[PDB]
There are 2 protein chains.
Amino acid sequence: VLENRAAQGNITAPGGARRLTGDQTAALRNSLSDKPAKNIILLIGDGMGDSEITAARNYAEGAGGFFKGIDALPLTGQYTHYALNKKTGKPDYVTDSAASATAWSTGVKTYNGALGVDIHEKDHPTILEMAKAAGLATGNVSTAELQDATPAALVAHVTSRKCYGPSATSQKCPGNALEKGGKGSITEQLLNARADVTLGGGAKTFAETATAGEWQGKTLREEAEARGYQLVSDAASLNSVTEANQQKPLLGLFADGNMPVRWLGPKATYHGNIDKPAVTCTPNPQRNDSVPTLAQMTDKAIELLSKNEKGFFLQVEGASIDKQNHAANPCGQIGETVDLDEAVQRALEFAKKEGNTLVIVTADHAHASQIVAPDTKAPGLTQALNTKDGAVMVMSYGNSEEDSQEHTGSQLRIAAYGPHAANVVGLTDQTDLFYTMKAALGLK
Amino acid sequence: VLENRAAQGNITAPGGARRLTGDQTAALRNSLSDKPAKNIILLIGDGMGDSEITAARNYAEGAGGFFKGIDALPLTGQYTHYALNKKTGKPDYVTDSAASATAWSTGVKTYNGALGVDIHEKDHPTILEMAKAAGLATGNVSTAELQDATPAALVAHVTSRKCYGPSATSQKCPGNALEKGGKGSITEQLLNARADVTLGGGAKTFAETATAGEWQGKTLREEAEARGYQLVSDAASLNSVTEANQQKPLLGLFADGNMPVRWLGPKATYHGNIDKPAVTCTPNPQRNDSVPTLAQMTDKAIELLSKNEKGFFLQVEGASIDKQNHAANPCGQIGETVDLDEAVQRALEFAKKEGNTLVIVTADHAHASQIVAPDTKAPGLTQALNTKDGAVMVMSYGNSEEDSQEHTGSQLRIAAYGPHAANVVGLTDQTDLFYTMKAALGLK
Ligand SMILES: [Mg+2]
Ligand SMILES: [Zn+2]
Ligand SMILES: [Zn+2]
Ligand SMILES: [Zn+2]
Ligand SMILES: [Zn+2]
């Protein structure tokens with residue numbers, strides 16, 4: 001299980017493409033622990049199936065390369081992530097962002113759109129919740145708006161992922177409407193859960209005013225204030241933070257909607273690989289250096305959370321890999337996958353020094369992107385890219401005639417490292433994750 | 001390291017969709033072994049990626065089901081399979097059957113179309129060739145033409161996979177043309193290789209006559225006989241074989257071209273899931289009860305080969321999963337995947353009983369099929385299918401406007417069971433497989 005999996009030499013020569021330097025049996029044995037996990041970090045690469053991991057590596061590190069973080073986890077497996085059809089209760093083979101996040105955080109399958117509720121619209125506790133119960137610290141970082149499905153699944157129990165704040169809930173989730181005696185909108189339930197560290201975007205929703213409860217009349221941000229939440233808005237004030245706890249919880253909103261993608265590149269187009277020049281991704285000028293990178297947020301969050309002796313549970317989401325995959329933008333997608341990789345490196349570094357940390361990197365569901373031959377005449381959107389190898393790689397998006405390339409139901413890679421990582425091996429189900437995390441922590 | 005990975009109960013209830021009944025740690029620990037593997041069975045599902053395995057499972061077993069074979073191998077990982085560009089020597093991200101086949105059977109990357117040769121055209125010994133030299137028994141069974149890329153890669157070193165027999169070789173691989181003093185076509189080199197058990201289709205090439213050497217004038221089929229080969233053409237005669245060895249090698253040719261596929265169903269069409277009704281596959285009425293099945297051929301081979309005291313190496317190929325994926329034909333593709341799974345079961349059953357066998361199941365490269373949502377208005381070819389769940393599943397084939405769908409470069413699953421199976425876990429390269437087997441067997 002040598003943690004260096006790049007090609008061993010000259011890929012044109014016998015044995016030069018090999019990634020293994022020796023027999024793993026001994027090494028793997030030594031990486032298998034029954035011992036309890038003290039902390040847990042779950043990295044979700046949104047829409048990061050094996051094709052996205054492959055394409056991003058080929059570009060960033062070259063075909064024979066190797067992601068120091070993403071590719072460095074010793075225990076691997078694949079898992080099913082199908083959802084349920086609300087009415088019939090039958091499987092719906094292509095899950096969305098909300099139906100899936102609910103399963104690893106809850107342990108029960110649900111219909112597309114549901115956050116923290118089963119098909120009967122019944123609530124079930126999330127793992128961030130139970131953790132907090134047991135005494136552990138909790139954090140939730142993301143590069144998308146916190147109201148989005150992935151960060152939200154940990155804290156809200158809503159009937160529709162679209163009920164971000166007071167305005168939308170009153171009409172899409174009337175039974176969750178605060179005025180209707182419901183727990184409140186995603187943003188409200190988030191502010192109630194009070195995880196120790198929460199970072200992402202979606203500041204806009206915090207501007208809506210609450211309609212019931214104590215803080216009626218006051219915007220959600222003012223409520224955050226009145227409730228002891230420290231609010232940071234940039235890289236700067238973030239490092240300025242020295243503690244985050246139940247009386248000093250940190251809440252960082254680094255963008256109105258989602259944060260900006262790191263790379264800029266043209267959108268894939270019809271016969272783009274043929275009628276258009278190969279592209280080389282460049283950095284995104286719209287992104288300011290004050291907006292912290294996912295790795296910075298992961299780092300600070302790990303820093304603040306590692307003080308609680310009981311341990312901690314942290315969930316990091318490289319949100320936009322899924323975003324740009326829908327947008328048919330190979331460069332944005334790849335940049336984002338590299339970004340998550342840096343994030344995982346930080347996780348893996350802490351995990352490695354600490355010893356009792358269980359790191360898990362996976363995705364919520366597959367997506368559109370496919371790596372095809374350079375001469376492909378495909379019916380979808382395509383584009384040619386100049387990889388690190390000095391070769392051309394062509395990516396293809398061909399499952400939607402609409403403005404957005406759809407998700408896919410193929411099972412995808414799941415990798416873990418640490419205490420109890422052995423349960424991530426083989427075929428499992430996305431729900432098993434919830435049970436795997438809960439027992440590694442001894443959550444009950 | 002469980003053998004039952006099925007959902008455990010009602011998938012709508014909490015933990016009902018779970019596949020893990022406990023903690024794999026000790027189970028896996030107990031499956032890690034480095035003792036020498038006396039035998040090796042390599043089951044290759046042509047173009048069978050994680051999307052292909054998922055669709056077939058969703059269909060034949062239902063979303064929460066599980067393949068008694070394909071899904072029961074405890075050790076898992078993902079491997080890359082990029083090819084090389086002949087001139088540049090740089091990676092060619094999307095390999096073909098020959099380059100890939102050549103990688104695992106030799107340990108050296110090569111350009112696409114090559115069999116047994118590196119990019120400089122130098123021949124390198126295959127794992128079958130080294131097994132035979134070490135005294136082991138060798139078997140190569142496939143559901144397609146024996147001259148095809150996958151089975152050929154083990155017995156031939158040719159510059160073009162198209163060099164099937166005397167003719168094609170004269171004009172495409174003249175340097176290999178026997179007349180030009182070369183080793184000969186794929187068919188000719190196959191008869192020279194003399195593995196104890198060789199089974200598949202592609203008998204129409206054996207009808208060509210050699211141009212030189214001892215058997216010039218004679219058809220390759222006659223040469224086969226003349227050289228002491230037992231010729232079986234159907235199930236009955238196959239089952240009748242009492243022994244297969246170096247003095248009594250078995251040659252089974254069950255079809256002119258590829259053997260017939262198991263299932264039938266229409267080809268996917270533009271907007272097929274919209275304009276058309278759901279499909280339900282039916283068995284192929286063209287398939288003569290007399291044509292043996294992959295599982296049957298896998299079984300006999302195992303029976304005849306398991307007689308050599310030293311041990312054996314067998315390679316099995318579910319050829320048409322790929323051919324049907326190309327042909328945008330779900331029913332044929334899924335059927336062929338169900339077919340490989342039966343053969344896998346036969347392998348695993350032997351493996352568990354014997355206890356010193358290493359069984360590996362994977363694919364040469366990823367393919368085109370995608371599992372998309374029912375209302376997907378895709379730009380390519382789609383089709384709706386009635387799955388075991390009584391739910392509807394849509395499959396999309398949207399990477400080519402030609403009459404053929406293409407392979408893809410995404411890294412794909414590889415699973416193993418037995419001595420040295422731990423060398424599959426994590427990220428590895430397709431060439432590493434060669435080295436894993438070579439070490440497992442003790443080939444020098
Ligand atoms: Mg998300
Ligand atoms: Zn998603
Ligand atoms: Zn999405
Ligand atoms: Zn192939
Ligand atoms: Zn093919």
Side-chain angles (χ1 to χ4, degrees), chain A residues 42-49 52 81 83 94-105 112-113 115 140-147 149-154 161 186 200-202 257-259 294 315-326 333 336 340 362-368 404-409 412 430, chain B residues 44-49 52 81 83 94-104 112-113 115 142-144 149-153 161 317-326 333 336 362-368 404-409 412 430:
Chain A
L42 172 58
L43 278 292
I44 298 302
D46 232 291
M48 199 181 76
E52 289 73 29
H81 50 78
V94 183
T95 184
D96 84 324
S97 337
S100 46
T102 286
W104 72 68
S105 55
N112 288 332
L115 280 169
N140 170 232
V141 345
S142 148
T143 63
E145 35 205 10
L146 286 310
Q147 301 95 22
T150 336
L154 288 187
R161 50 179 298 163
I186 297 181
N258 304 124
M259 297 167 82
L294 183 66
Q315 168 170 295
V316 183
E317 178 210 16
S320 296
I321 303 174
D322 177 271
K323 269 128 200 336
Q324 302 295 330
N325 210 315
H326 275 299
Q333 172 181 332
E336 295 313 304
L340 172 58
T362 196
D364 51 350
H365 57 86
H367 222 300
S404 178
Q405 298 308 302
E406 313 211 4
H407 295 173
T408 58
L412 59 259
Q430 196 172 231
Chain B
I44 296 289
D46 228 296
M48 177 183 91
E52 289 67 29
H81 48 81
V94 186
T95 175
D96 85 335
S97 313
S100 52
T102 302
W104 75 66
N112 288 330
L115 280 163
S142 142
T143 53
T150 332
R161 52 181 307 188
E317 177 213 21
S320 294
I321 307 174
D322 169 80
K323 305 206 126 234
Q324 292 301 329
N325 204 326
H326 273 305
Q333 178 192 320
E336 292 310 310
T362 190
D364 42 4
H365 59 77
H367 218 324
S404 173
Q405 293 304 115
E406 289 183 47
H407 305 164
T408 56
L412 63 282
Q430 188 171 242

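Indexing begins at 1, ligand by ligand and atom by atom, following the structure's order. Numbered from 1 within each chain, the chains take letters A, B, ... in sequence-line order.
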Examine all N, O or S atoms of A:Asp322, backbone included, and report whether one is under 2.8 Å from the Mg ion (ligand 1). no
Run the ring-ring contact (aromatic ring centres under 6.0 Å, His included) test against B:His407 and tell me which residues pass, sequence neighbours left out. B:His326, B:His365, B:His367
Hey, does the side chain of B:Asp96 reach the backbone of B:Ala99 with a donor-acceptor pair shorter than 3.5 angstrom? yes
Measuring from A:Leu340:CG to A:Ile321:CD1, what's the distance to the nearest 0.5 Å? 5.0 Å
Of the options A:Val141, A:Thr143, A:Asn140, A:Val316, which is the one that meets A:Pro151 in a side-chain contact (heavy atoms from CB on, under 4.5 Å)? A:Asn140
Side-chain donor-acceptor pair under 3.5 Å between A:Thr150 and A:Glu317, yes or no? yes
Do the side chain of A:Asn112 and the main chain of A:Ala98 share a donor and acceptor less than 3.5 angstrom apart? no
Just the protein N/O/S atoms under 2.8 Å from the Zn ion (ligand 2), please, no waters. A:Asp46 OD1, A:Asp364 OD2, A:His365 NE2
Between A:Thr150 atom OG1 and A:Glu317 atom OE2, the angle centred on the Mg ion (ligand 1) rounds (to 10°) to 80°
Would you check if the Mg ion (ligand 1) lies under 2.8 Å from any N, O or S atom of A:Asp46? yes
Measuring from atom CD of B:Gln333 to atom OG of B:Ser320, what distance do you get when rounded to the nearest 0.5 angstrom? 11.0 Å
